[PDB]
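As given, the protein sequences belong to chains A and B, one line each in that order. Letter by letter, the first sequence follows residues 1 to 99 of PDB author numbering. Letter by letter, the second sequence follows residues 1 to 99 of PDB author numbering. The structure appears below as C-alpha cells.
Number of protein chains: 2
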Amino acid sequence: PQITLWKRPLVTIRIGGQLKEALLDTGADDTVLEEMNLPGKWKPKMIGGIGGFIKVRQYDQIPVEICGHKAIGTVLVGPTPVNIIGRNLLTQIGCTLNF
Amino acid sequence: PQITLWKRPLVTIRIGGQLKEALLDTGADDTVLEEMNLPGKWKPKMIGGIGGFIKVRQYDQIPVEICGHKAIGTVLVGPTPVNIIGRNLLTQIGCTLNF
Ligand SMILES: OC1(c2ccc(Cl)cc2)CCN(CCCC2(c3ccc(F)cc3)SCCS2)CC1
Ligand SMILES: OC1(c2ccc(Cl)cc2)CCN(CCCC2(c3ccc(F)cc3)SCCS2)CC1
Ligand SMILES: [Cl-]
Ligand SMILES: [Cl-]
Numbered sequence: 001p002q003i004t005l006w007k008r009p010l011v012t013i014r015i016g017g018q019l020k021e022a023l024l025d026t027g028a029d030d031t032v033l034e035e036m037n038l039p040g041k042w043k044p045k046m047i048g049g050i051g052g053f054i055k056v057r058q059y060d061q062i063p064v065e066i067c068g069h070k071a072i073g074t075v076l077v078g079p080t081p082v083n084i085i086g087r088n089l090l091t092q093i094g095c096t097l098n099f
Numbered sequence: 001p002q003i004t005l006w007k008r009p010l011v012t013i014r015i016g017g018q019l020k021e022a023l024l025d026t027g028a029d030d031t032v033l034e035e036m037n038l039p040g041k042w043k044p045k046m047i048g049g050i051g052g053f054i055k056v057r058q059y060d061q062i063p064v065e066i067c068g069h070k071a072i073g074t075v076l077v078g079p080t081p082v083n084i085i086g087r088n089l090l091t092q093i094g095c096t097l098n099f
C-alpha cells in the first residue's frame, strides 16, 4: 500500500495469535510493544528514547504479520506509550519513505 | 527521492541559514528540534516520548527546508540530541510510506 501521513500510520499487526494496533515508525530502530507475555527466553535490555531510559524484555525470532506481510525478528516488550514497529521489521516488509 | 530504512533516515535540513541533520519520523506528530534561538513568540509545551515527558518551546510559522523542499509550520525546540521531523512537515513535502 501507500500510506499518506495526514493521519497517524496505525496498522493492525498479529503476533501470538493476538491482533494489536501499532504505529509504523521510521524514527525507531527497534520494535517495542506494550507489556504482553510471549513464550521464550528473553534478555533484559535498557533502551533510551526522549523522556529517558525504559527497561524492556528482548525476544528474538518472533513471527509478526504487519498488514498482511510476514516478518520474523526481535520484539522488545515493555512500558512504551504505544506499540511501535521500528526499522528492524519495516525493512523486512519492504517499507520505504518516498517524496 | 526514495529512502530505504537499512539505516536511520537522516536528511539535511536548513532553518535560518543553519544547516542541520534530521530524522524523518513517521511516528512523530510534531517536529522537535535541538535547542536553538528562533524568531517570534513561543509558548511552552510538554511532549511525551519513550521514557517520559520533556518540556519544549513552541514556535509557529517557521520555514524549514528539507532536502530542497520548502515547508512552513510549527516547530517545538527542546533538549533533544536529534532533530526529528514529524508528520506536520512530512505531509508538506509530499512524503509517503510505501510497501
Ligand atoms: O516516534 C516516537 C514516538 C511516537 C509515539 C509515541 Cl506515543 C511516543 C514516541 C518514538 C521515537 N522517537 C525518536 C527517537 C530517536 C532516537 C531513537 C531512535 C530509535 C530508538 F529505538 C531509540 C532512540 S535517535 C537517537 C536518540 S533517540 C520520537 C517519538
Ligand atoms: O508526537 C509525539 C512526539 C513527537 C516527537 C517526539 Cl521526540 C516525541 C513525541 C508527541 C505526541 N504523541 C501524541 C499521541 C500519544 C498517544 C498515542 C500514540 C500513538 C497513537 F497511535 C495514538 C495515541 S500514546 C497514549 C495516549 S495518546 C505522539 C508522539
Ligand atoms: Cl522517543
Ligand atoms: Cl505521546
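We put the CB at the ideal spot given by N, CA and C, even for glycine.
Separation of A/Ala22 and B/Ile62 (C-alpha to C-alpha, rounded to the nearest whole angstrom) is 31 Å. Of the heavy atoms belonging to ligand 4, none sits nearer than 7 Å to the Cβ of A/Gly73. Apart from sequence neighbours up to five positions away, the residues of its chain that approach B/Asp25 with a beta-carbon distance below 7 Å are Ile84, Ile85, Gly86, ordered along the chain.
Relative to ligand 3, even the nearest heavy atom lies 7 Å or more away from the CB of A/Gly86. Taking the beta carbon of B/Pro9 as reference, the chain A residues within 7 Å of it are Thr26, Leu97, listed in sequence order. DSSP places B/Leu89 inside the alpha helix (DSSP H), whose first and last residues are 87-90.
In the structure shown, A/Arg14 adopts extended strand secondary structure according to DSSP, grouped into three states.
Here the C-alpha atom of B/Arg8 lies approximately 25 Å from the C-alpha atom of A/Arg14. Measuring C-alpha to C-alpha distances from A/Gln18 to each of A/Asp30, A/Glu35, A/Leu5, A/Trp6 identifies A/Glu35 as the nearest. Contact of A/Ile13 with chain B is not assigned, every C-beta pair being separated by 8 Å or more.
Approximately 5 Å separates the beta-carbon atoms of B/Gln58 and B/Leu76; this is inside 8 Å, confirming the contact.
One thing to note: A/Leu5 has its Cβ within 8 Å of the Cβ of B/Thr91. Between B/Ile50 and A/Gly40, the C-beta spacing is not below 8 Å.
If one requires a minimum length of 4 residues, the alpha helix (DSSP H) runs lying completely within the region 23-97 of chain B are 87-90, in chain order. The Cβ atoms of B/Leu89 and B/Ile66 lie closer than 8 Å to each other.
In this structure, B/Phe99 sits away from A/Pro44, with a CB-CB distance that is not shorter than 8 Å. When the Cα atoms are used, B/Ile47 and A/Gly27 turn out to be separated by approximately 16 Å.
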